[PDB]
């Protein structure tokens, strides 16, 4: 059905979630045996939103990072688009916050530093996410955060998280992270309403309830981030070494990628070459074209698998 080219490389399991655009399916890469998440999108249903998909894809191909969900493979058929992705079995941050009611300040800070690491890195590559919220943050197996959903990425998004300058890009991501921070620590939104007009007025007004359990430090950070005028809003630079962010850390936030593809792994390349019937030298030329085809998927999946084993050795 144009699924059958995909079934060459993967065997599909159950649907794990949906979004406006896409169905997400658990899958297994047959050759490596690695679990993956596959994002299936119908081009005909996408309709006039198709360019956002091509923005999403080009962005994910340019980002490689510990807190950004890795893309392994992009397949296009007549009707569908498939994105093969890192499987994050922990689910959304949103569900976690709800299971705890709210997070302790100390725990908020662990989460927040990983968000900041990912977000500062996204910016260092010239993007703005524009849809930061805890539905778009996932825990992988190690309980580490991965940022997802780059469809509104720019080189928009939910209203409750949207910056006032945007409802009428670096500064805007700071506003949304400000909203995130409120939710982690409080368990509800600073601006909420059943009426969008009422909600809009609350956002522009910029006044929210400050609960008793918050620290003065965190309160101040909130007001620095939740400045309505982007000019007065705190910059990313200063967020990265902010005193609250560093409380009880000798390490300010390391946003740089710990996972560049500096050079090719011998074990992985060797393994690839045997299956592919080519020498390691030939295979090294092939991999470096980086087409996010099946060769790319298999190399990256093999690398992901090696890294996992090496952590228990």
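Numbering follows the first chain given and starts at 1.
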Interresidue gap class [residue 155, residue 156; deposited sequence, unmodelled]: 10 or more
Extent of unmodelled deposited sequence, residue 236 relative to residue 235: none
Mean C-alpha B-factor comparison - 44-52 and 64-72, higher one: 44-52
Residue stretch of maximal mean CA temperature factor, 261-269 vs 247-255: 247-255
Most elevated Cα B-factor in the entry, residues 10, 13, 290, 299: 290
Top Cα B factor in the deposited entry, candidates 133, 205, 109, 129: 205
Residue 38 CA temperature factor, ranked by third within the chain: lowest
Record-listed C-alpha B factor of residue 30: chain third: middle
Entry-reported Cα temperature factor of residue 190, expressed as the chain third it lands in: lowest
Residue 137, C-alpha B-factor rank within chain (lowest, middle or highest third): lowest
Modelled-residue ranking by C-alpha temperature factor, third containing residue 226: middle
